2 protein chains.
Amino acid sequence: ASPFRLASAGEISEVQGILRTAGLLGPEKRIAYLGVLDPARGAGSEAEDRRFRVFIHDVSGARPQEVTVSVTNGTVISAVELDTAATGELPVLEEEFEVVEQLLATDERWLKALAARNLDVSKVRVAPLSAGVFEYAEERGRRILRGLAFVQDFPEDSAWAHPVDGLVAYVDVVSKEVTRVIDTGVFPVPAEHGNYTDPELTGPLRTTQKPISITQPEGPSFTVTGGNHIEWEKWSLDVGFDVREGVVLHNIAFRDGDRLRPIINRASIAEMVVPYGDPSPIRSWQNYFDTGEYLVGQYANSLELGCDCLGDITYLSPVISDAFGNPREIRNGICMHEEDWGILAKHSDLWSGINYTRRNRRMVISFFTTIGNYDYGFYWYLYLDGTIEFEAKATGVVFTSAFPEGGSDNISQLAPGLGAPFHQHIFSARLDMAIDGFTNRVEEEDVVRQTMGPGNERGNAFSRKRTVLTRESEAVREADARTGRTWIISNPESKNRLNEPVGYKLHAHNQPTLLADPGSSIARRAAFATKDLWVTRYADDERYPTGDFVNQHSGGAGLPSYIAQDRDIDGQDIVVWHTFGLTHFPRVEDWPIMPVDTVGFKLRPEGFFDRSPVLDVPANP
Amino acid sequence: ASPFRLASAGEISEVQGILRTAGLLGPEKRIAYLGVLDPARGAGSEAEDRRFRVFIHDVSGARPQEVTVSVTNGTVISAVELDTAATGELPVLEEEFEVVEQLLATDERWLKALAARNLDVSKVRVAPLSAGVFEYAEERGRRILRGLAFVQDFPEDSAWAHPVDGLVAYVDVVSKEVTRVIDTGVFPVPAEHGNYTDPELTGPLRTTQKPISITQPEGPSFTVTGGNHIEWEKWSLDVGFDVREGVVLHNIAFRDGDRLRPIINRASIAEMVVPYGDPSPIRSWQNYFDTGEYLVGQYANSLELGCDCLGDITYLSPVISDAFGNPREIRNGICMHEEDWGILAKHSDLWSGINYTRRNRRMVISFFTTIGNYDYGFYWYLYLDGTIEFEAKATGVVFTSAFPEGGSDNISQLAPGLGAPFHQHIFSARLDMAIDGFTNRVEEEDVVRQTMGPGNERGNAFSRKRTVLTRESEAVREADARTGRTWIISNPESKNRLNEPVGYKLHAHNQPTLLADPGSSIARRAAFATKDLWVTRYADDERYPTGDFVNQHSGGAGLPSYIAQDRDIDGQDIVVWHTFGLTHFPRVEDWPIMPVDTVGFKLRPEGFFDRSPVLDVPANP
Ligand SMILES: [Cu+2]
Ligand SMILES: [Cu+2]
Ligand code: NA
Ligand code: NA
């Protein structure tokens with residue numbers, strides 16, 4: 001069967017047994033990450049080797065280890081001790097989240113701060129947030145979370161409506177100590193509830209919405225074989241799933257006649273960062289890398305039919321490891337379905353008398369994740385005409401603070417006394433490119449305005465220019481919406497019938513990139529987010545734009561250290577890293593639960609095919 | 001009944017009778033435009049006055065007239081003779097299109113050019129194109145079309161595959177004379193056919209697409225009363241239709257509790273321009289204003305159920321006038337339906353235990369038009385959360401030329417010997433703004449980056465700034481995608497419960513604007529297309545960004561002459577004009593019929609509501 005098949009419960013169980021038998025998984029060990037490794041370049045013929053990478057945490061303070069095992073041969077391939085003070089901490093563990101509140105509830109400094117606010121400790125929830133790296137020297141080499149407090153008036157109350165401002169604490173979750181408690185002053189706790197299921201707030205529910213019924217009476221047009229291989233409307237791909245990255249697309253290819261033509265070898269969201277723009281010392285530290293620090297796949301929702309996914313849905317239920325190596329099924333974690341997408345092509349010709357209309361369709365693969373107050377949907381779309389699109393949907397409850405009486409330049413007011421600090425949500429797409437094969441290059445395409453003059457006497461001419469990125473030192477690119485800047489990935493060795501290199505064009509949304517000062521901690525840790533486009537030469541170990549261990553790592557790992565090798569990327573095995581994101585200035589309409597906002601990107605064929613690839617689509621039945 | 005109701009056949013018949021009885025519509029007269037006039041400001045209480053504006057052409061060369069009539073009182077209100085050499089020609093007449101080919105088929109210069117190419121005149125179609133204004137002094141005050149030739153090998157052949165390059169002709173369609181024939185040299189006529197219904201080209205049609213069935217078993221959630229008044233999910237509006245602008249939305253308002261709150265008084269696409277970027281003297285003149293010169297409403301398609309509009313569709317069939325004043329029904333010219341739009345809001349809360357998911361919906365109002373080789377879809381979307389969106393869909397067959405053997409910087413090659421010149425498709429949205437009433441202003445909102453320093457010691461802070469546009473001379477604005485530039489329309493006299501002015505935010509796509517040299521003919525005639533945003537003070541006669549008579553008008557009418565009045569726009573009755581468009585570098589995949597590409601804009605509430613307006617949406621049935 002396929003080497004790109006999903007991990008099964010049995011494989012996870014076997015990794016558990018191998019590690020135990022090898023002495024690597026005793027009672028003081030915890031698995032902080034487990035995932036299958038992709039096959040190495042050009043080794044699929046033949047022989048299975050299913051290998052898994054494991055990050056093993058030690059809750060007794062001993063050094064963690066990175067381990068790779070072969071489930072085919074039942075062996076441990078390698079086992080490195082990690083010096084986390086140099087190369088960064090392991091991802092946050094789920095059992096460590098609930099330790100923050102518990103420790104604080106018996107710390108005298110915390111209880112003193114609550115008493116001065118007349119707050120009952122049994123009502124105070126603590127949001128456990130990743131720490132970053134700032135000026136606190138004692139944290140280096142220690143596993144730290146920071147906590148901000150919210151009040152729950154009752155067990156089903158939305159705590160986000162009652163931020164406790166002026167107060168923050170730092171905790172060591174291994175030695176189980178509260179390192180600091182900072183109390184910069186009392187702010188009133190906003191009193192209005194934010195309970196969006198309370199009939200008091202919603203009023204009577206609408207009776208006016210009539211049902212929309214979407215069915216496929218003959219079933220769906222796509223087929224699934226081998227668990228996770230998709231065939232749909234000439235597209236072929238494998239849908240993987242990784243506890244860190246979430247959904248991963250492999251071997252995206254298009255059937256052009258009787259040739260299977262590759263387009264993308266691997267597509268993932270390889271990192272995200274959510275930086276906050278409030279200079280208050282209570283929150284000026286707050287940034288999370290949901291992918292790199294928390295592992296977004298681990299928090300995927302089970303998607304409910306008719307609520308989260310509407311129509312004729314096919315589900316995948318991926319298997320991940322819990323902290324002790326037992327398999328855990330994420331039931332209905334991935335939805336797949338096809339959707340009507342309006343008109344594909346249309347023309348009514350007066351001279352020939354022929355009227356022609358064809359409809360478009362897209363196939364959808366999606367999952368949702370929840371991290372604290374935030375909920376993110378990741379959507380991949382494949383269209384009939386060769387287009388590939390990614391869309392992120394951001395919703396949930398906004399992170400709140402008090403709203404200061406003098407006003408604020410960095411927080412918006414959502415309700416009396418209630419603020420929402422400004423922030424961004426930024427994504428890094430990692431596109432391991434394979435346009436008709438692995439010899440690819442990237443060109444920057446700009447519109448060119450031309451001047452009135454000889455050979456352009458009416459001043460109507462305009463044109464375009466393409467610049468080839470030949471080395472990585474050249475390949476850190478910025479958007480330019482004014483000149484219509486796009487990027488083309490082409491194969492110089494594969495030509496269409498017009499003798500031009502086949503290609504795909506990446507269309508960005510041209511949203512603002514990372515806004516923080518370039519000398520800040522977050523700019524160094526999220527260097528990838530300061531530019532719109534990076535191209536690297538493919539390498540086995542260069543998987544993430546921030547490095548492998550983002551938790552509490554200092555500046556510079558990942559992309560800026562990859563491109564310093566200045567490797568040749570002109571007709572080579574290349575990887576495209578695209579940064580895109582939302583700048584969120586919260587609005588009153590985002591409260592008390594926010595409507596979805598979206599951002600993303602798309603790729604469209606650009607001389608890839610010898611003509612339109614949808615000439616053989618039939619008229620609607 | 002409503003003064004915003006659609007014109008009926010009876011009203012058109014009456015305008016015909018009034019004009020005839022008044023001596024204004026004899027056998028040598030032709031109606032070049034007829035449309036109802038909007039009610040004047042603050043006169044709806046009470047008394048009907050249905051008035052119509054008419055442009056009357058004279059085919060005997062006498063001066064045309066602008067006439068307004070009252071159908072209520074059966075009177076002619078005013079009748080002005082027009083000096084077309086000063087203020088521009090009337091829109092092209094449909095009967096004039098077919099005159100170009102016929103006259104050329106008996107002109108000796110045309111026949112000599114065809115003979116030298118070994119072309120049969122009975123096979124040569126001529127595309128009749130609007131003329132513009134260039135250096136040909138004899139055209140001033142004359143009604144001129146220009147013709148480019150294509151070969152049809154047989155009556156059902158797609159002529160666009162066989163451009164006849166190096167040849168162009170100019171014709172006077174009133175005196176029925178060929179003024180010039182220009183033959184710059186013979187180019188081979190591309191021989192490959194472009195027939196997308198021929199099984200030779202399509203191959204066998206796919207059998208793999210299974211049906212997608214979209215039904216509403218209880219009918220749709222919107223209601224239609226009075227012919228064209230829509231109520232849907234707290235939205236209220238009237239759908240008008242004008243032969244020039246196409247679909248027009250009136251009185252867009254939202255039911256916030258028991259208050260009907262206005263948002264937009266009138267929304268239309270008030271102009272488009274399609275400029276070509278080929279400096280060849282054979283095409284360097286070619287620009288059309290499809291709205292202003294051809295009247296896009298006049299060429300709307302009848303939309304076929306299950307092909308053009310899928311689901312539970314409600315149709316409007318607008319009535320327009322033909323060239324003699326008889327009513328003509330455009331059957332099924334407008335589709336309306338609601339659509340599922342994925343997840344509206346979602347949050348799974350760990351502390352409260354409450355999981356919450358709600359789905360989104362949009363209502364769609366659309367029509368399609370066909371002008372020669374081009375087909376355009378105009379789509380208005382209303383969302384549950386207050387969002388309003390416009391989308392243009394561009395498809396059809398690309399306009400073609402020969403592809404020169406040396407190559408070309410301004411044409412792309414689609415097939416052996418076949419080129420497609422570079423061009424843009426640019427739209428002007430006219431939004432007569434009424435945010436909670438008519439006292440509105442516009443602010444430009446920019447992201448503000450902040451520097452590491454005191455009060456921002458960690459260098460994470462960022463902010464925003466708003467600049468009020470106080471006078472029209474201030475109100476010609478450019479996009480800036482890097483700083484996230486948006487524009488806010490607010491009512492300074494109407495505040496939400498937080499004491500902030502209510503507002504709506506316009507989100508642009510930030511595509512390139514008009515690329516032609518600023519000294520060119522097209523830059524002066526399409527001045528509106530050189531900037532992204534204009535704001536004017538409302539005035540009755542300022543309806544179009546290019547002026548009333550765009551055909552063969554010289555530079556400067558419309559928007560740049562409106563803003564020179566430098567009127568106060570700070571808390572006044574204002575109009576927002578937004579330019580947006582596509583820059584089309586044609587690709588091989590656009591041939592032989594092109595897949596849809598899209599562009600548009602949206603407006604989202606920004607402190608308009610006192611909280612989320614979709615708290616009262618129920619869980620999916
Ligand atoms: Cu946000
Ligand atoms: Cu085009
Ligand atoms: Na690659
Ligand atoms: Na207005």
# chains A, B, ... in the order shown; residues from 1 in each chain; ligands from 1
>>> select_by_dssp(residues="region 248-365 of chain A", states="strand (DSSP E)", output="number ranges by chain")
A: 248-256, 259-275, 287-288, 314-316, 319-321, 327-329, 334-348, 355-365
>>> residues_near_ligand(ligand="ligand 2", cutoff="9 Å", atoms="only C-alpha atoms and all ligand atoms", output="PyMOL selection string")
chain B and resi 274+374+394-399+422-425+582-586+594+597
>>> residues_near_ligand(ligand="ligand 3", cutoff="9 Å", atoms="only C-alpha atoms and all ligand atoms", output="NGL selection string")
:A and (264-266 or 431-435 or 437-440 or 537-538 or 572-576)
>>> write_last_selection(atoms="C-alpha atoms", output="PDB file, in the first residue's frame")
ATOM      1  CA  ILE A 264       3.057  20.179  -5.881  1.00  0.00           C
ATOM      2  CA  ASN A 265       5.008  17.549  -3.934  1.00  0.00           C
ATOM      3  CA  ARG A 266       3.945  18.675  -0.440  1.00  0.00           C
ATOM      4  CA  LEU A 431       4.893  24.592  -0.965  1.00  0.00           C
ATOM      5  CA  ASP A 432       7.391  21.905  -1.989  1.00  0.00           C
ATOM      6  CA  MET A 433       7.125  22.644  -5.685  1.00  0.00           C
ATOM      7  CA  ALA A 434       7.206  20.017  -8.464  1.00  0.00           C
ATOM      8  CA  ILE A 435       5.908  21.723 -11.633  1.00  0.00           C
ATOM      9  CA  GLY A 437       8.918  17.402 -12.035  1.00  0.00           C
ATOM     10  CA  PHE A 438      11.587  18.663  -9.720  1.00  0.00           C
ATOM     11  CA  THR A 439      13.567  21.064 -11.952  1.00  0.00           C
ATOM     12  CA  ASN A 440      11.769  24.330 -11.144  1.00  0.00           C
ATOM     13  CA  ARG A 537      16.576  24.714  -2.168  1.00  0.00           C
ATOM     14  CA  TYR A 538      14.952  21.506  -0.928  1.00  0.00           C
ATOM     15  CA  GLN A 572      16.444  22.845  -9.002  1.00  0.00           C
ATOM     16  CA  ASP A 573      14.353  21.106  -6.353  1.00  0.00           C
ATOM     17  CA  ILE A 574      12.891  24.181  -4.652  1.00  0.00           C
ATOM     18  CA  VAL A 575      10.441  25.072  -1.900  1.00  0.00           C
ATOM     19  CA  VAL A 576       8.236  28.159  -1.827  1.00  0.00           C
TER      20      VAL A 576
END
>>> residues_around(residues="residue 18 (chain A)", least_positions_apart="6", cutoff="8 Å", atoms="only C-alpha atoms", output="list in words")
residues 69, 74, 75 and 76 of chain A
>>> select_by_dssp(residues="region 136-326 of chain A", states="helix (DSSP H, G or I)", output="NGL selection string")
:A and (137-139 or 159-161 or 199-202 or 290-294 or 296-299)
>>> residues_around(residues="residue 32 (chain B)", least_positions_apart="6", cutoff="8 Å", atoms="only C-alpha atoms", output="ChimeraX atom specification")
/B:54-57,90-93,323
>>> write_last_selection(atoms="C-alpha atoms", output="PDB file, in the first residue's frame")
ATOM      1  CA  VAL B  54     -34.845  59.708 -23.342  1.00  0.00           C
ATOM      2  CA  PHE B  55     -31.996  60.196 -25.815  1.00  0.00           C
ATOM      3  CA  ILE B  56     -33.487  60.586 -29.298  1.00  0.00           C
ATOM      4  CA  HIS B  57     -31.247  59.965 -32.335  1.00  0.00           C
ATOM      5  CA  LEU B  90     -25.300  59.283 -28.225  1.00  0.00           C
ATOM      6  CA  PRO B  91     -24.743  55.613 -27.306  1.00  0.00           C
ATOM      7  CA  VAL B  92     -24.179  53.213 -30.194  1.00  0.00           C
ATOM      8  CA  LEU B  93     -27.380  51.854 -31.706  1.00  0.00           C
ATOM      9  CA  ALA B 323     -35.075  51.746 -30.890  1.00  0.00           C
TER      10      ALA B 323
END
>>> residues_around(residues="residue 288 (chain A)", least_positions_apart="4", cutoff="7 Å", atoms="only C-alpha atoms", output="list in words")
residues 130, 273, 274 and 275 of chain A
>>> closest_residue(among="A:249, A:402, A:468, A:263", to="residue 365 (chain A)", atoms="only C-alpha atoms")
A:249
>>> residues_around(residues="region 238-244 of chain B", least_positions_apart="2", cutoff="10 Å", atoms="only C-alpha atoms", output="MDAnalysis selection string")
chainID B and resid 2 4:7 33:37 91 224:231 236 246:253 266:271 290:300 316:321 333:334 365
>>> closest_residue(among="A:97, A:276, A:110, A:544", to="ligand 1", atoms="only C-alpha atoms and all ligand atoms")
A:276
>>> atom_distance(atom1="CA of residue 516 (chain A)", atom2="CA of residue 459 (chain B)")
6.0 Å
>>> residues_around(residues="residue 106 (chain B)", least_positions_apart="5", cutoff="10 Å", atoms="only C-alpha atoms", output="ChimeraX atom specification")
/B:101,111,121,178
>>> closest_residue(among="A:527, A:448, A:564, A:506", to="chain B", atoms="only C-alpha atoms")
A:448
>>> closest_residue(among="B:617, B:80, B:550, B:119", to="chain A", atoms="only C-alpha atoms")
B:617
>>> closest_residue(among="A:601, A:534, A:154, A:235", to="chain B", atoms="only C-alpha atoms")
A:154
>>> closest_residue(among="A:609, A:196, A:427, A:403", to="residue 156 (chain A)", atoms="only C-alpha atoms")
A:196
>>> atom_distance(atom1="CA of residue 11 (chain B)", atom2="CA of residue 66 (chain B)")
18.3 Å
>>> decode(residues="region 493-538 of chain A", atoms="C-alpha atoms", output="JSON list (two decimals), in the first residue's frame")
[["chain", "number", "residue", "atom", "x", "y", "z"],
["A", 493, "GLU", "CA", 13.02, 21.81, -19.12],
["A", 494, "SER", "CA", 9.33, 21.13, -19.85],
["A", 495, "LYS", "CA", 7.60, 23.12, -22.57],
["A", 496, "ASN", "CA", 4.06, 23.49, -23.79],
["A", 497, "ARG", "CA", 3.27, 23.16, -27.49],
["A", 498, "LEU", "CA", 4.21, 26.83, -27.98],
["A", 499, "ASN", "CA", 7.78, 26.10, -26.81],
["A", 500, "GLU", "CA", 7.37, 28.07, -23.58],
["A", 501, "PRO", "CA", 8.20, 26.69, -20.11],
["A", 502, "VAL", "CA", 5.16, 25.32, -18.28],
["A", 503, "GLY", "CA", 4.24, 27.25, -15.17],
["A", 504, "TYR", "CA", 1.93, 28.15, -12.31],
["A", 505, "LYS", "CA", 1.28, 31.68, -10.98],
["A", 506, "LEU", "CA", 0.93, 32.42, -7.27],
["A", 507, "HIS", "CA", -1.57, 35.23, -6.54],
["A", 508, "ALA", "CA", -1.17, 36.77, -3.07],
["A", 509, "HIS", "CA", -3.73, 38.90, -1.21],
["A", 510, "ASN", "CA", -1.00, 41.52, -0.46],
["A", 511, "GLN", "CA", -2.00, 42.04, 3.20],
["A", 512, "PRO", "CA", 0.40, 43.70, 5.66],
["A", 513, "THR", "CA", 3.19, 41.46, 6.98],
["A", 514, "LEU", "CA", 4.66, 41.51, 10.52],
["A", 515, "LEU", "CA", 4.23, 44.99, 11.96],
["A", 516, "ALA", "CA", 6.50, 44.78, 15.01],
["A", 517, "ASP", "CA", 9.74, 46.72, 15.19],
["A", 518, "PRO", "CA", 12.50, 44.82, 13.34],
["A", 519, "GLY", "CA", 14.63, 44.82, 16.49],
["A", 520, "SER", "CA", 11.94, 43.18, 18.64],
["A", 521, "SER", "CA", 12.02, 39.67, 20.05],
["A", 522, "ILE", "CA", 9.08, 38.60, 17.88],
["A", 523, "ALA", "CA", 10.65, 39.88, 14.64],
["A", 524, "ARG", "CA", 13.70, 37.69, 15.26],
["A", 525, "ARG", "CA", 11.69, 34.61, 16.25],
["A", 526, "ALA", "CA", 9.14, 35.11, 13.46],
["A", 527, "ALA", "CA", 11.58, 36.33, 10.82],
["A", 528, "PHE", "CA", 9.61, 34.48, 8.12],
["A", 529, "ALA", "CA", 6.66, 36.81, 8.78],
["A", 530, "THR", "CA", 8.62, 39.95, 7.82],
["A", 531, "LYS", "CA", 8.57, 39.13, 4.08],
["A", 532, "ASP", "CA", 5.95, 37.82, 1.67],
["A", 533, "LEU", "CA", 7.92, 35.23, -0.27],
["A", 534, "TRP", "CA", 10.97, 33.05, 0.33],
["A", 535, "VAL", "CA", 12.43, 30.35, -1.93],
["A", 536, "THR", "CA", 14.84, 27.70, -0.67],
["A", 537, "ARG", "CA", 16.58, 24.71, -2.17],
["A", 538, "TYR", "CA", 14.95, 21.51, -0.93]]
